[PDB]
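Chain identifiers are assigned alphabetically (A, B, ...) following the order of the sequence lines, protein sequences preceding nucleic acid strands; residue numbering begins at 1 within each chain. Just so it is clear, the values below take in all heavy atoms, side chains as well, and ignore hydrogens, waters and symmetry mates.
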Number of protein chains: 2
Amino acid sequence: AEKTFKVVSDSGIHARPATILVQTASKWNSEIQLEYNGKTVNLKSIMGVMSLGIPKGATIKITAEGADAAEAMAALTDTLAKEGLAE
Amino acid sequence: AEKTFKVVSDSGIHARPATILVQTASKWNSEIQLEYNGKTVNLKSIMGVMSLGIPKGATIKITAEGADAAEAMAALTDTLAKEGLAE
């Protein structure tokens, strides 16, 4: 059995609701998997669920405040581009 | 300082690249935050980053295989709708 869901929560799914989901899955003996962001995890393992990461197409906002803020932003920009992650 | 990035990696950003990012941030004394999915975390804390969760608009695919698979899918469907998470 396989079913596709669209996430509708403004908050998305964080640790608290992901914990409730994970514990619903754990009530059952079948193998339950959740597939997202190119990864398939065990729905009974919250460490699995919390390891899906940030998806392609995400907009993220980084802020740096402090004495080496310019050096910080430049390093972080360079890492995101070097590693082919974000731009 | 604030900058917005779009994530371009097919894989998105998982634990391995998020670990490299997190360690780039840690090299610096400024306060570095990452804002995503309605949450602002410390970019120096990988537990923070791995706690951003699944975003609004995500398509997730759940599979259940086993002796109580029908009971499993129905429980999981009911939880996702009850909690106003996914449909």
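Closest of all the heavy-atom pairs between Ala15(B) and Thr19(B) is O-OG1, 2.7 Å. Residues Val22(A) and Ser45(A) approach most closely at CG2-C, 4.2 Å, considering heavy atoms. The nearest pair of heavy atoms linking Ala58(B) to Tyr36(A) is CB-CE1, 3.6 Å. Scanning all heavy atoms of the two residues, the minimum distance from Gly84(B) to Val8(A) falls at O-CG2, 3.9 Å. In plain terms, the two heavy atoms of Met50(B) and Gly53(A) that are nearest each other are CE-CA, 3.7 Å.
Applying the side chain to side chain donor-acceptor pair (under 3.5 Å) test to every pair with at least one member in residues 46-58 of chain A, sequence neighbours left out, gives these pairs: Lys39(A)-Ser51(A).
By the rule that hydrophobic residues join a cluster once side-chain heavy atoms approach within less than 4.5 Å of another member, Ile46(A) and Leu21(A) end up as members of one cluster. At a threshold of 4.5 Å between side-chain heavy atoms, the hydrophobic network of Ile, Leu, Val, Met, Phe, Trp and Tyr places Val7(B) and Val41(B) in one connected group. Both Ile13(B) and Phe5(B) are assigned to one and the same hydrophobic cluster, defined by single-linkage of ILVMFWY side chains at heavy-atom distances under 4.5 Å.
Contact annotation: the side chain of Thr4(B) never approaches that of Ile62(A) to less than 4.5 Å [non-hydrogen atoms, C-beta and beyond]. Side chains of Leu52(A) and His14(B) form no contact here, defined as non-hydrogen atoms less than 4.5 Å apart.
Atoms CD1 and CE, from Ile32(A) and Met73(B) in turn, are 9.0 Å apart once rounded to the nearest 0.5 Å. Rounding to the nearest 0.5 angstrom, the gap separating the NZ atom in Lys27(B) from the NZ atom in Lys44(B) is 12.5 Å.
Judged purely by atom type and a 3.5 angstrom limit, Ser26(B) uses its side chain to pair as donor or acceptor with the backbone of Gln23(B). Within the 3.5 Å criterion, the main-chain N or O of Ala1(B) finds a donor-acceptor partner in the side chain of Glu65(A). Looking at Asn42(B), its side chain never comes within 3.5 Å of a backbone N or O of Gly48(B) through a donor-acceptor pair.
At a threshold of 4.0 Å, the pair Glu87(A)-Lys6(B) does not count as salt-bridged, since none of the basic side-chain nitrogens sits closer than that to a carboxylate oxygen.
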